[PDB]
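Enquirer: Below is the sequence, then the experimental coordinates.
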Amino acid sequence: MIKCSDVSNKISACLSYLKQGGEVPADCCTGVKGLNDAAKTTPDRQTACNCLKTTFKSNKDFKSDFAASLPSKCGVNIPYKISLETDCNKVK
């Protein structure tokens, strides 16, 4: 089970980086890894995908360049990368 409320808790530490770039805070990487750790079924991953896209669309300040580079900023074994071009219906 994942709810958008879970997604918001995890990504909270990342929001200012997602708008302005710069140094990714350690707490942001903790949320990215924690969200991945908790998204273990196809439905839960698609739910998280949809929550994240809703958030990205909610403020014009969010940058595609920064959402895209975030998983590789934080680790080498993060399997998912969600941006505005992601079709959440296709996410496995």
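Expert: Structure received. Numbers count the residues shown, from 1 in each chain.
Enquirer: so residue 84 sits right up against residue 55, yeah?
Expert: No - contact criterion Cβ atoms under 8 Å: residue 84 and residue 55 do not qualify, at 10.8 Å. Placement of C-beta: from N, CA and C, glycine included.
Enquirer: Report how many residues lie close to the closest residue to residue 61 other than its chain neighbours.
Expert: Distance criterion Cβ to Cβ, 6 or more residues apart in numbering; nearest residue to residue 61, sequence neighbours excluded, is residue 19 at 4.0 Å. Residues within reach of residue 19, counting by other Cβ atoms under 10 Å, total 13.
Enquirer: So residue 6: helix, strand or coil?
Expert: What DSSP: H, G, I helix; E, B strand; the rest coil gives for residue 6 is helix.
Enquirer: so what's residue 23 up against?
Expert: For residue 23, the contact set (Cβ atoms under 8 Å, 6 or more residues apart in numbering) comprises residue 17.
Enquirer: how near is it to residue 15?
Expert: For residue 23, the distance to residue 15 (Cβ to Cβ, to the nearest Å) stands at 14 Å.
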